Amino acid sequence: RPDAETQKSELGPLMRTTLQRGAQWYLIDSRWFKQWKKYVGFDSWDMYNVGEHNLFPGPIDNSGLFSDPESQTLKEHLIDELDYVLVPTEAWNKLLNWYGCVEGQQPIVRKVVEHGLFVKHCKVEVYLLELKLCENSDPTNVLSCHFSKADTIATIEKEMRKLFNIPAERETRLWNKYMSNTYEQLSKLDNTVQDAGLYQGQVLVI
């Protein structure tokens, strides 16, 4: 509702918001956002049409991003600087208030987590891969569960124990056969899934 240069001056300092752990971040269709960018001439180089109404973004629409419209589950292979564009918390609330959203939609929150095999770094966790899970007794049966990178193997172990009718008293071993031919065996029950470096959609079996 305020002026175009009010809006532009307000979201200007969104840039400095470094990605931080336990950080809440969201998804916006780049197509909508680029239109808004043009609308307030956020990019200094492009401000010709200014706040002229033809350029008006309207209510936020991210329908294109979802795979199933009803379930609101997102599409695969979505990239950062082309198909969407990330956004801080307060930047949502402001941009929520000003434009609203298409009915039947809910904000696509996600949070950054620390990942990177060698050099550690911050990136918004998305497209986590339903890791394949299995049991020693049934080689055919495979479950595919989602695991955050911040999630520790212990959390992973706990979730494995819950779905294969196994209680606490008996011990357990976990192993990873990833691009190695040989069967390794997982040792640490404290670290994350990242410092272990497990690959997406792969049979971690107990």
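Throughout, we count residues from 1 along the sequence that is shown.
Student: Going by the B-factors listed in the PDB entry, is the mean over the C-alpha atoms higher for 17 to 25 or for 181 to 189?
Tutor: The stretch with the larger average C-alpha B-factor is 181 to 189.
Student: Report the stretch with the higher mean CA temperature factor, choosing between 140 to 148 and 42 to 50 on the basis of the entry.
Tutor: Per the PDB record, 140 to 148.
Student: Looking at 132, 77, 120, 111, which has the highest CA B-factor as recorded?
Tutor: When the deposited C-alpha B-factors of 132, 77, 120, 111 are compared, 132 is largest.
Student: When the deposited Cα B-factors of this chain's modelled residues are ordered and cut into thirds, is residue 34 in the lowest, the middle or the highest one?
Tutor: Answer is lowest: the recorded C-alpha B-factor places it there.
Student: For residue 200, does the deposited CA B-factor place it in the lowest, middle or highest third of the chain?
Tutor: For residue 200, whose C-alpha B-factor we compare with every modelled residue in the chain, the answer is the highest third.
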